[PDB]
């Protein structure tokens, strides 16, 4: 094994003796060299554990670090300031000041120039964090909504150019907003140069994917593979026109990159460095669990997958310290947290909390949510959750069967009910959702639909607006970076005309992917409209959250309310939150509140609340009570 000093002197060899002396004395090299010393041992250890005595490891690493230096050398000085800032403030992600949003550039604002025009609106809403959906080249028609990448460098012409993208990031940065983009590193589209060249038998792209001669290995692999999109194909493999079979976890036009090849890592680390230099603050690590395969296993959450993401982490610690990771691990809760670490993904989506928010609206019972908040919320130091109500994807019921069993709940049966309820196939259901990927061999099913459609706003349920307010309050107050699915703040309903479009007809997720609703955004300042009610509520909660330090950090302690319909938790021993999930008034008794101060200010309603008597919460009422 080499070391940091060794590789530094080999990196410098591209300069003639005269230049070398000037480079070694410079600021950029000093910082790069210092960071090499601090972080290279982690990088070496992580890559060694995956590749071992692979002949390609040394020369790949020298090539990678040579590019890391070039990349950091070129790096704009504005970004180097954020590098130093975040290097000295690892907990920036954990501040109550952070409130995030997500949107498609096309659907929300037409193009990138239009998105830039929407930046004053984001400031009005209070956003410090904006996730922009896949921006780069993708095949015509079906492309998993941008997640089948055909070019990591060529921006979608319908969205604009790379120059427009740079202007956006710069304008966002001026407005105090972090730019967040997808790092689609598990797979490319079948029309990507790498894909074509690999399949053509170009030796330069040998083993960039997993291509098999026949069904022998596919059949063996399929024994233990989960099916993500059963509607498209069975198992995890698709057949090429020449009869060969390729690894396709998702759609058949999405080919799994082969990380068992150390050159695929270098390739993707090179793409990561490019995104860093555009000024991306947070990379959303798409489909993290799938990047390592092994016969006999589910090819999910494998030790080598975690190792590799930690290798990517070290590359950023060396060449772009500002760049943080957002893990997309939509899996078992035990496996979800294993991606969250300072040396892996600093943050990650919190599907457990999200799925239970919706569960609790359906059952009216807080049990699973309480359990999850009690035992699975707190994280290691310098890490945070991304708490959300809805997203661009379907909802999966990813609670732990083991957890639910402790509460005498059958996981399988409960998911049957949830799916039936949220697609309006249970008596008296307020939800108006659409089935997604019903699998008849596994009984599994997911749910599409917007937040507003799932709470009952489409049929004007009198309780609808209060349900949205309740859900977002919890995402905003539990601890973690809250993410708003833009459009939710005005109660945007489904695109009910999704399925008659043949490019979308087999993908029900398009139902909750509607265009900018001009009518609802026009109503946002009108307190008589649902759009206005929702908007003022969320804006108020965003304001409170950002200005009140009782929300700071990601730690919480649950408070047993002794009412099965009411959630309770405490932040920083100073903010006590209650959330009523029943559509009827519900009471927290004087007996339960004995330890609390006699009176407390409620940041939601603005009133003083007397806690030395019974406390009756209105249907779906939320309280944020300052107790210290």
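Residue numbers count along the first chain shown, from 1.
Note on 191-199 vs 387-395: mean CA B-factor is higher in 191-199. In this entry, the higher average B-factor at the C-alpha atoms falls on 69-77, of the pair 468-476 and 69-77. Per the PDB entry, 122 shows the highest C-alpha temperature factor of the residues 122, 292, 325, 417. When the Cα B-factors of 357, 133, 282, 538 are read from the PDB record, 538 comes out highest. The PDB entry assigns residue 83 a C-alpha temperature factor belonging to the highest third of its chain's modelled residues. Among all modelled residues in its chain, residue 26 ranks in the highest third by Cα B-factor. For residue 216, the recorded CA temperature factor ranks within the middle third of the chain's modelled residues. The entry lists a Cα temperature factor for residue 579 that places it in the lowest third of the chain's modelled residues.
Residue 438: CA B factor in the highest third of modelled residues in this chain (values from the PDB entry).
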